[PDB]
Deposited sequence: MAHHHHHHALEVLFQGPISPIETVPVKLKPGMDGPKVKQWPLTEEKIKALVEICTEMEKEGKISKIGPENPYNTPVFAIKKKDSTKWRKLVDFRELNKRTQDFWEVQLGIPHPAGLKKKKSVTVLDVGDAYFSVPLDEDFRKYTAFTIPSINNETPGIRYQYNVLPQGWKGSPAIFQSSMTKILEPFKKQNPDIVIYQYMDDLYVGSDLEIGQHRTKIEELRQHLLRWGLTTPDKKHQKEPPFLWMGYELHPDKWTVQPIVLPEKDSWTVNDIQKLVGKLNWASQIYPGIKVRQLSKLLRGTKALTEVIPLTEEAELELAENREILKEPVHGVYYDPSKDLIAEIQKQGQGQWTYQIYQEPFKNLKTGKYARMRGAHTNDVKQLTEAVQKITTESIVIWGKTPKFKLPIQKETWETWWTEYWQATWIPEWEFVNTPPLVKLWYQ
């Protein structure tokens, strides 16, 4: 098969990202995969004359202890051309959506020769016993934003016979994964996904066929979705029958901040109860005019803000906060104070022991949700020190993609998203 010409965005060179250290498990697992991929022509050995590099690490195969090979093509995707030469709004409505790893198809299509040098990565050595063993891809690499677009002409041909016989099944693709939504239940959705697994096999598309693990963690449950039951976490005011002047100060501050999102929130009647200079622990009864204002504020906070629509020309931003006792709250937005979704997570892996294991699970959860609702990956504002995150996050990663993220340190003045 011929090769599609691939170029970079105008005025930008290739990626030059240093390789981070890897454990012995992953180094032994990466050299075993790279040799099998070099004997099969998928990758070819190179040297220091290639001035580009991108980080490579290892994750776990689905429902298995065998190691996988994952490349962090984030900086390369930012520099490759925009492949242009539709997102299903009903995918987020299906009773069930299953994710299928179809990245094996990419290892069959040869890659543009004048582009393979931008795909270089380096394998390190324990204690630097050996210098860097470099390679480059000859085929479409998994996790590269150009692979699904180049293969989009081929996949649409494969799925069209299946989509005809099943015209009520949405199929959306993002990177190496297929998002198959259906309205079936009582085992019917499970059987139809295996029909698609048999269809892809007849065209030569291998998919993970391992039996779902019965021992925790049930990581395979992350690939089984039910978007029709997803809820939003609204701003909630404290519910009390007796208030101290300290409770009302907290309440006024939370309302003053909430007014930046909801314009109809008023404070006058509640702040009128803090006119004197009384002790913080003193109970004050509420006037009939203040209770009416609190009721009208609760009524406003029931429904999300209107007049906020998704803009495909803009990027998505995801902010996450740690609430404690395994609780995490998040908001997705394109413009400030105009959230498209507010959610909450709880009872995640490491809820009793590991904050980093919780945060990585939440980041993958939010990203999977944003892929189903809008077809984009958000840019994350992670509440963690930079060195803490980069030390540990690869040990808990499971997706074939990696979203962009930055780090923040915003102490909680008020607890807005969780009361």
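In sequence order, the deposited residues that have no C-alpha coordinates form the ranges 1-20, 106-110.
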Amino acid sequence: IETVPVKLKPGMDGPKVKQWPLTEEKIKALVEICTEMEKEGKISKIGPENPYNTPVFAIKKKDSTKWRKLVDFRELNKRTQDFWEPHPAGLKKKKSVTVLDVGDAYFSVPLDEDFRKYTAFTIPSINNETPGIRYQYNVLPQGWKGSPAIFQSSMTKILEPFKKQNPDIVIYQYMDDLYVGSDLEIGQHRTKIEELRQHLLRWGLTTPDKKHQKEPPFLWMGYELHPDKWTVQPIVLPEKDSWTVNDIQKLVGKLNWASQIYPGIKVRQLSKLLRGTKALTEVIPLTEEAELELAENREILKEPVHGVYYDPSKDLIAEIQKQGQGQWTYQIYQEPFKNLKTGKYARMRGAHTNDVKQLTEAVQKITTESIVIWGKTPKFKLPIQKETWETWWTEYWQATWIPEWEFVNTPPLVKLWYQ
From here on, numbers count along this sequence of modelled residues.
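Mean CA temperature factor is higher for 32-40 when stretches 351-359 and 32-40 are set side by side in the entry. Look at the C-alpha B-factors of 163-171 and of 316-324. On average they run higher in 163-171. If you compare the C-alpha temperature factors of 286, 255, 71, 150 in the entry, 286 comes out highest. Ranking 250, 87, 226, 302 by the C-alpha B-factor listed in the PDB entry places 87 at the top. Split the chain's modelled residues into thirds by C-alpha temperature factor. Residue 17 is in the middle one.
Placement of the Cα temperature factor of residue 80 within the chain: middle third of the modelled residues, per the deposited record. Ranked by Cα temperature factor within the chain, residue 177 sits in the lowest third according to the deposited record. The deposited CA B-factor of residue 329 belongs to the lowest third of values across its chain. Placement of the Cα temperature factor of residue 293 within the chain: lowest third of the modelled residues, per the deposited record.
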